[PDB]
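Structure file input-v9.cif (mmCIF, C-alpha atoms and all ligand atoms) is printed below.
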```
data_work
loop_
_atom_site.label_atom_id
_atom_site.label_comp_id
_atom_site.auth_asym_id
_atom_site.auth_seq_id
_atom_site.Cartn_x
_atom_site.Cartn_y
_atom_site.Cartn_z
CA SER A 3 0.00 0.00 0.00
CA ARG A 4 1.43 3.32 -1.24
CA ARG A 5 0.15 6.88 -1.72
CA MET A 6 1.18 10.15 -3.23
CA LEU A 7 1.53 12.44 -0.15
CA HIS A 8 2.73 15.78 -1.44
CA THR A 9 4.70 17.85 -3.90
CA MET A 10 7.40 20.23 -2.57
CA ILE A 11 8.46 23.58 -4.03
CA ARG A 12 10.89 26.18 -2.67
CA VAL A 13 9.61 29.75 -2.13
CA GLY A 14 11.38 33.07 -1.60
CA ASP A 15 8.81 34.83 0.63
CA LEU A 16 6.86 32.33 2.72
CA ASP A 17 3.97 34.61 3.73
CA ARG A 18 3.47 35.84 0.17
CA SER A 19 3.23 32.26 -1.06
CA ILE A 20 0.85 31.25 1.71
CA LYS A 21 -1.36 34.24 0.86
CA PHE A 22 -1.55 33.20 -2.80
CA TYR A 23 -2.34 29.51 -2.17
CA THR A 24 -4.92 30.32 0.53
CA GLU A 25 -6.60 33.54 -0.74
CA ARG A 26 -6.33 32.97 -4.50
CA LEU A 27 -6.56 29.16 -4.68
CA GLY A 28 -8.64 28.36 -1.54
CA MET A 29 -6.19 26.02 0.18
CA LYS A 30 -5.87 25.92 3.96
CA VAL A 31 -2.69 25.88 5.99
CA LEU A 32 -2.40 22.41 7.57
CA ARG A 33 0.72 22.82 9.66
CA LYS A 34 4.13 24.43 9.80
CA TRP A 35 7.49 23.00 10.74
CA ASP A 36 10.34 25.38 11.45
CA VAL A 37 13.89 23.97 11.51
CA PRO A 38 16.12 26.93 12.48
CA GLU A 39 19.11 24.67 13.16
CA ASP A 40 19.08 23.79 9.40
CA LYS A 41 17.90 27.25 8.27
CA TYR A 42 14.54 26.32 6.74
CA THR A 43 10.79 26.44 7.38
CA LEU A 44 8.20 24.04 5.93
CA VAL A 45 4.49 24.74 5.51
CA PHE A 46 1.87 22.25 4.28
CA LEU A 47 -1.22 23.47 2.44
CA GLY A 48 -4.04 21.62 0.73
CA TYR A 49 -7.75 21.12 0.26
CA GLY A 50 -7.86 18.53 3.03
CA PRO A 51 -5.52 17.10 5.64
CA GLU A 52 -2.48 15.03 4.72
CA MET A 53 -4.20 11.94 6.14
CA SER A 54 -6.76 11.91 3.28
CA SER A 55 -5.35 14.33 0.66
CA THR A 56 -2.30 14.84 -1.47
CA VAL A 57 -0.99 18.29 -0.56
CA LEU A 58 1.49 21.08 -1.29
CA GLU A 59 4.71 21.51 0.72
CA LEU A 60 6.41 24.95 0.68
CA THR A 61 10.06 25.26 1.79
CA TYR A 62 11.55 28.63 2.73
CA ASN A 63 15.39 28.60 3.05
CA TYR A 64 16.61 31.37 5.35
CA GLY A 65 18.04 34.24 3.29
CA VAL A 66 17.13 32.80 -0.11
CA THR A 67 14.84 35.41 -1.59
CA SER A 68 14.01 33.99 -5.05
CA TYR A 69 14.48 30.98 -7.36
CA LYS A 70 15.32 30.36 -11.04
CA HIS A 71 13.21 27.75 -12.89
CA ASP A 72 14.58 24.99 -15.11
CA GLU A 73 12.95 23.51 -18.19
CA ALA A 74 12.44 20.19 -16.36
CA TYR A 75 9.76 20.54 -13.65
CA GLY A 76 6.35 21.20 -15.16
CA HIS A 77 3.49 22.19 -12.89
CA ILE A 78 0.82 21.13 -10.46
CA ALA A 79 -2.74 20.83 -11.75
CA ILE A 80 -5.81 21.70 -9.67
CA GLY A 81 -9.35 20.60 -10.52
CA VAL A 82 -12.02 23.27 -10.02
CA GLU A 83 -15.71 23.96 -10.67
CA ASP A 84 -15.41 27.09 -12.85
CA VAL A 85 -12.11 27.93 -14.57
CA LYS A 86 -13.40 31.16 -16.20
CA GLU A 87 -14.56 32.58 -12.83
CA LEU A 88 -11.37 31.58 -11.01
CA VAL A 89 -9.17 33.12 -13.72
CA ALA A 90 -11.27 36.30 -13.59
CA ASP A 91 -10.64 36.50 -9.82
CA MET A 92 -6.90 35.92 -10.37
CA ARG A 93 -6.67 38.74 -12.94
CA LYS A 94 -8.57 41.01 -10.58
CA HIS A 95 -5.76 40.36 -8.13
CA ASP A 96 -2.97 40.85 -10.68
CA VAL A 97 -1.88 37.21 -10.85
CA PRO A 98 -0.16 36.60 -14.22
CA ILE A 99 -2.28 34.50 -16.57
CA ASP A 100 -0.10 32.53 -18.99
CA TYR A 101 -2.92 30.81 -20.89
CA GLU A 102 -6.72 30.71 -20.92
CA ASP A 103 -8.71 28.62 -23.43
CA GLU A 104 -12.11 29.63 -24.86
CA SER A 105 -14.29 26.83 -23.47
CA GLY A 106 -13.26 27.07 -19.81
CA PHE A 107 -11.54 23.67 -19.76
CA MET A 108 -7.98 24.80 -18.99
CA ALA A 109 -5.81 27.72 -17.92
CA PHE A 110 -2.28 28.29 -16.69
CA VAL A 111 -1.41 30.88 -14.06
CA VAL A 112 1.88 31.90 -12.41
CA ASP A 113 2.46 31.82 -8.65
CA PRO A 114 4.48 34.52 -6.80
CA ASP A 115 7.72 32.56 -7.23
CA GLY A 116 7.22 31.97 -10.94
CA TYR A 117 5.92 28.38 -10.86
CA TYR A 118 3.08 27.34 -13.20
CA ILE A 119 -0.27 26.12 -11.99
CA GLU A 120 -2.67 24.39 -14.35
CA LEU A 121 -6.36 24.95 -13.70
CA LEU A 122 -8.72 22.31 -15.06
CA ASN A 123 -12.46 21.89 -15.05
CA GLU A 124 -12.55 18.78 -12.86
CA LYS A 125 -15.80 17.33 -14.27
CA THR A 126 -14.63 17.55 -17.90
CA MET A 127 -11.12 16.28 -17.05
CA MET A 128 -12.44 13.24 -15.17
CA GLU A 129 -14.95 12.40 -17.92
CA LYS A 130 -12.09 12.52 -20.43
CA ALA A 131 -9.67 10.56 -18.26
CA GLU A 132 -12.14 7.72 -17.61
CA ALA A 133 -13.07 7.63 -21.31
CA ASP A 134 -9.42 7.35 -22.39
CA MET A 135 -8.76 4.63 -19.76
CA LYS A 136 -11.72 2.68 -21.13
CA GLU A 137 -10.40 3.14 -24.69
CA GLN A 138 -6.87 2.03 -23.63
CA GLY A 139 -7.89 -1.03 -21.54
CA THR A 140 -7.02 0.27 -18.05
CA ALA A 141 -10.67 0.74 -17.01
CA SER B 3 -14.83 21.92 -4.16
CA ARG B 4 -11.26 21.66 -5.47
CA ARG B 5 -8.64 18.94 -5.60
CA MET B 6 -4.96 18.48 -6.45
CA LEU B 7 -5.03 16.36 -9.62
CA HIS B 8 -1.42 15.79 -10.63
CA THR B 9 2.17 16.96 -10.80
CA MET B 10 3.91 17.12 -14.18
CA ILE B 11 7.63 16.51 -14.88
CA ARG B 12 9.41 16.30 -18.26
CA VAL B 13 11.44 13.17 -18.98
CA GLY B 14 14.06 12.20 -21.52
CA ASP B 15 12.94 8.61 -22.21
CA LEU B 16 9.42 7.29 -21.54
CA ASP B 17 10.42 3.62 -21.51
CA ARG B 18 13.00 4.06 -18.74
CA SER B 19 10.80 6.40 -16.65
CA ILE B 20 7.80 4.10 -16.91
CA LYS B 21 10.02 1.15 -15.88
CA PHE B 22 11.19 3.03 -12.81
CA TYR B 23 7.78 4.29 -11.60
CA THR B 24 6.04 0.95 -12.22
CA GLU B 25 8.66 -1.68 -11.33
CA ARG B 26 10.60 0.29 -8.68
CA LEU B 27 7.74 2.33 -7.14
CA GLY B 28 4.60 0.19 -7.79
CA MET B 29 2.57 2.75 -9.76
CA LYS B 30 0.51 1.76 -12.77
CA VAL B 31 0.16 3.42 -16.15
CA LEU B 32 -3.34 4.92 -16.24
CA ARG B 33 -3.39 6.40 -19.76
CA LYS B 34 -1.29 7.95 -22.52
CA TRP B 35 -1.86 10.98 -24.78
CA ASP B 36 0.29 11.07 -27.94
CA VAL B 37 0.38 14.06 -30.34
CA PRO B 38 2.82 13.26 -33.19
CA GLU B 39 2.17 16.57 -35.01
CA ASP B 40 3.06 18.57 -31.88
CA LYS B 41 5.95 16.20 -31.09
CA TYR B 42 4.98 15.22 -27.55
CA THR B 43 3.54 12.37 -25.49
CA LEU B 44 1.95 12.47 -22.03
CA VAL B 45 1.76 9.50 -19.63
CA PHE B 46 -0.26 9.50 -16.45
CA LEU B 47 0.83 7.10 -13.68
CA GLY B 48 -0.31 6.61 -10.13
CA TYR B 49 -1.42 4.37 -7.34
CA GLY B 50 -5.03 4.78 -8.41
CA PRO B 51 -7.15 6.34 -11.15
CA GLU B 52 -7.24 10.10 -11.61
CA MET B 53 -10.88 10.03 -10.42
CA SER B 54 -9.84 9.05 -6.87
CA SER B 55 -6.08 9.83 -6.74
CA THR B 56 -3.48 12.52 -7.30
CA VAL B 57 -1.16 11.21 -9.98
CA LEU B 58 2.09 11.79 -11.86
CA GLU B 59 2.20 13.18 -15.41
CA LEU B 60 5.26 12.62 -17.61
CA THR B 61 5.78 14.75 -20.69
CA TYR B 62 8.14 13.51 -23.39
CA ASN B 63 9.21 15.99 -26.08
CA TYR B 64 10.32 14.13 -29.21
CA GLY B 65 14.11 14.06 -29.48
CA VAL B 66 14.74 15.77 -26.13
CA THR B 67 16.59 13.14 -24.11
CA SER B 68 17.93 15.04 -21.07
CA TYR B 69 16.85 17.76 -18.64
CA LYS B 70 19.03 19.75 -16.24
CA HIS B 71 17.54 20.67 -12.88
CA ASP B 72 17.09 23.91 -10.97
CA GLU B 73 17.19 24.10 -7.20
CA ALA B 74 13.59 25.44 -7.13
CA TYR B 75 11.37 22.41 -7.63
CA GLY B 76 11.71 20.06 -4.65
CA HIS B 77 10.26 16.60 -4.99
CA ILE B 78 7.25 14.37 -4.75
CA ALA B 79 6.79 12.35 -1.55
CA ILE B 80 5.35 8.86 -1.45
CA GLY B 81 4.04 7.14 1.68
CA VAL B 82 5.13 3.53 2.11
CA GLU B 83 5.01 0.76 4.74
CA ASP B 84 8.74 -0.03 4.85
CA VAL B 85 11.31 2.52 3.73
CA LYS B 86 14.34 0.39 4.51
CA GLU B 87 12.99 -2.59 2.55
CA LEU B 88 12.21 -0.41 -0.42
CA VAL B 89 15.59 1.39 -0.39
CA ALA B 90 17.34 -1.97 -0.32
CA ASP B 91 15.24 -3.15 -3.27
CA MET B 92 16.10 0.10 -5.07
CA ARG B 93 19.84 -0.14 -4.37
CA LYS B 94 19.71 -3.69 -5.84
CA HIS B 95 18.53 -2.18 -9.15
CA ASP B 96 21.24 0.56 -9.20
CA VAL B 97 18.84 3.39 -8.25
CA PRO B 98 20.84 6.27 -6.73
CA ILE B 99 20.13 6.65 -3.00
CA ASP B 100 20.75 10.29 -2.01
CA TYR B 101 19.76 9.96 1.67
CA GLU B 102 18.62 7.23 4.06
CA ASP B 103 18.17 7.77 7.83
CA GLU B 104 18.88 5.15 10.51
CA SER B 105 15.30 5.12 11.84
CA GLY B 106 13.46 4.09 8.63
CA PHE B 107 11.28 7.22 8.55
CA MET B 108 12.70 8.90 5.45
CA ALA B 109 14.88 8.40 2.38
CA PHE B 110 15.61 10.20 -0.86
CA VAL B 111 16.07 8.39 -4.16
CA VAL B 112 16.71 9.73 -7.67
CA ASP B 113 14.66 8.88 -10.76
CA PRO B 114 16.23 8.19 -14.18
CA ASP B 115 16.12 11.90 -15.15
CA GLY B 116 17.52 13.23 -11.85
CA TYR B 117 14.29 14.20 -10.09
CA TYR B 118 14.14 13.56 -6.35
CA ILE B 119 11.59 11.33 -4.68
CA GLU B 120 11.04 11.33 -0.91
CA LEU B 121 10.09 7.98 0.58
CA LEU B 122 8.27 8.28 3.88
CA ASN B 123 6.94 5.80 6.38
CA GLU B 124 3.33 6.88 6.00
CA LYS B 125 2.15 5.71 9.41
CA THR B 126 4.76 7.80 11.25
CA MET B 127 4.28 10.77 8.90
CA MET B 128 0.52 10.88 9.56
CA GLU B 129 0.86 10.48 13.34
CA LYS B 130 3.24 13.47 13.30
CA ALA B 131 1.02 15.50 10.95
CA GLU B 132 -1.99 14.85 13.20
CA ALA B 133 -0.18 15.86 16.41
CA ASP B 134 1.23 18.99 14.74
CA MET B 135 -2.26 20.02 13.51
CA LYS B 136 -3.79 19.56 16.97
CA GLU B 137 -0.96 21.51 18.66
CA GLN B 138 -1.18 24.30 16.04
CA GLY B 139 -5.01 24.53 16.23
CA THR B 140 -5.71 23.66 12.58
CA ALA B 141 -7.25 20.25 13.27
NA NA C 201 11.19 35.25 -7.77
NI NI C 202 -1.04 18.69 -16.36
NI NI C 203 8.63 16.47 1.45
#
```
Write out the structure in this file as structure tokens.
Amino acid sequence: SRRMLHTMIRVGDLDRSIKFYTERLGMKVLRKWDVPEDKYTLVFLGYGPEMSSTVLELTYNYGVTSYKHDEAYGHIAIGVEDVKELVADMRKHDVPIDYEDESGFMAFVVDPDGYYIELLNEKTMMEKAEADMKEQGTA
Amino acid sequence: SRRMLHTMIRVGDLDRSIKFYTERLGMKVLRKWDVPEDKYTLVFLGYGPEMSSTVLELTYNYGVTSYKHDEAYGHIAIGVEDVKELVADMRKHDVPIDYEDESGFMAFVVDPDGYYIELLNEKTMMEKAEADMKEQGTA
């Protein structure tokens, strides 16, 4: 028995990141874990607790104010009810919008540290995913 | 209602990545999405279907066989029953072991493209998460 627990990203300004993931994406702070002896702080955020959800781990390294992104790591994707409305709320709050489709299926937005977040209409994505599994013999 | 759906990483060689995540980590291939005209392939893997699980998405760009890594993106963490037993099994198959504690709580291994994976004893992790949440007043 195995489970995906979380994805970790490093952030330059911990409070700014927390504000984005909570106020703009509707996550809740689950817990924090400061390790001053090794000069870092962890915070876990998600839509439910780690015991029943896969969550986001932020790492702040003392004195490291910003990060450069490679061409390797992609993104996290979040399933939502209304992509158009959520994107509208992001723009209202000056979040960069990298991509927005016409139909409201998909968008990409940029977090305060420059990471990409994919927003998906959960209902449409799941219908598609199940359909493709059934076509490919995995469901 | 919102949910973390997946994390995406780009990989140099689908065959070797799929071998690692299935044979070494116990995930299953859920579905593929191949777009020859746009020169890419996506593969979704996980411990359960996208409908009930947060999964891993691999993107292969045709003819791109290596990715260099930033120190921004962290890792994905996977909860297991026996870290030591796994790490052993991994070391048998020449998987790089970056870190392994004495207690059996935590280890870090490296996937074929150089991404880090955190292996955690899930029981212990969740006990700790629960106690931290209660102490911090978020539970
Ligand atoms: Na920055
Ligand atoms: Ni994606
Ligand atoms: Ni972690």
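For the pair atom CA of residue 128 of chain A and atom CA of residue 56 of chain A, the separation is 17.1 Å.
All C-alpha atoms of chain B, paired in order with those of chain A and superposed by least squares, deviate by 0.3 Å RMSD.
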Q | Contacts with ligand NA 201 (chain C) at most 12 Å, all atoms listed in the file counted, listed as a count of residues only | A | 20
Using all atoms listed in the file, select each residue of chain B with any atom at most 7 Å away from an atom of chain A, and give the selection as a short mmCIF file (atom, residue, chain, number, x, y, z; two decimals) with C-alpha atoms, keeping the file's coordinate frame.
```cif
data_model
loop_
_atom_site.label_atom_id
_atom_site.label_comp_id
_atom_site.auth_asym_id
_atom_site.auth_seq_id
_atom_site.Cartn_x
_atom_site.Cartn_y
_atom_site.Cartn_z
CA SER B 3 -14.83 21.92 -4.16
CA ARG B 4 -11.26 21.66 -5.47
CA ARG B 5 -8.64 18.94 -5.60
CA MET B 6 -4.96 18.48 -6.45
CA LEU B 7 -5.03 16.36 -9.62
CA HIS B 8 -1.42 15.79 -10.63
CA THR B 9 2.17 16.96 -10.80
CA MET B 10 3.91 17.12 -14.18
CA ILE B 11 7.63 16.51 -14.88
CA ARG B 12 9.41 16.30 -18.26
CA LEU B 32 -3.34 4.92 -16.24
CA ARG B 33 -3.39 6.40 -19.76
CA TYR B 49 -1.42 4.37 -7.34
CA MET B 53 -10.88 10.03 -10.42
CA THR B 56 -3.48 12.52 -7.30
CA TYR B 69 16.85 17.76 -18.64
CA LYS B 70 19.03 19.75 -16.24
CA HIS B 71 17.54 20.67 -12.88
CA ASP B 72 17.09 23.91 -10.97
CA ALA B 74 13.59 25.44 -7.13
CA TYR B 75 11.37 22.41 -7.63
CA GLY B 76 11.71 20.06 -4.65
CA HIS B 77 10.26 16.60 -4.99
CA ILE B 78 7.25 14.37 -4.75
CA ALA B 79 6.79 12.35 -1.55
CA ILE B 80 5.35 8.86 -1.45
CA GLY B 81 4.04 7.14 1.68
CA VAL B 82 5.13 3.53 2.11
CA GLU B 83 5.01 0.76 4.74
CA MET B 128 0.52 10.88 9.56
CA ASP B 134 1.23 18.99 14.74
CA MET B 135 -2.26 20.02 13.51
CA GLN B 138 -1.18 24.30 16.04
CA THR B 140 -5.71 23.66 12.58
#
```
Q | Selected residue of minimal separation from residue 41 of chain A among A:20, A:25, A:64, A:102, counting only C-alpha atoms | A | A:64
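Each of A:24, A:88, A:65, A:43 was compared to ligand NI 203 (chain C) using only C-alpha atoms and all ligand atoms, and A:43 turns out to be the nearest.
Here atom CA of residue 89 of chain B stands at a distance of 9.7 Å from atom CA of residue 106 of chain B.
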Q) Taking all atoms listed in the file into account, which of B:62, B:42, B:110, B:23 comes nearest residue 93 of chain B? A) B:110
Q: Work out how far apart atom CA of residue 126 of chain B and atom CA of residue 107 of chain B are and give it in Å to one decimal.
A: 7.1 Å
If the box runs along x, y and z of the file and leaves 4 Å on each side of segment 73-77 of chain B, what are its centre and edge lengths in Å, one decimal, as JSON?
```
{"center_x": 13.7, "center_y": 21.0, "center_z": -6.1, "size_x": 14.9, "size_y": 16.8, "size_z": 11.0}
```
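Checking A:84, A:47, A:109, A:98 one by one against ligand NI 202 (chain C), counting all atoms listed in the file, you find the shortest gap at A:109.
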**Q.** Shortest interatomic distance to ligand NI 203 (chain C) - which of B:130, B:87, B:21, B:108, counting all atoms listed in the file
**A.** B:108
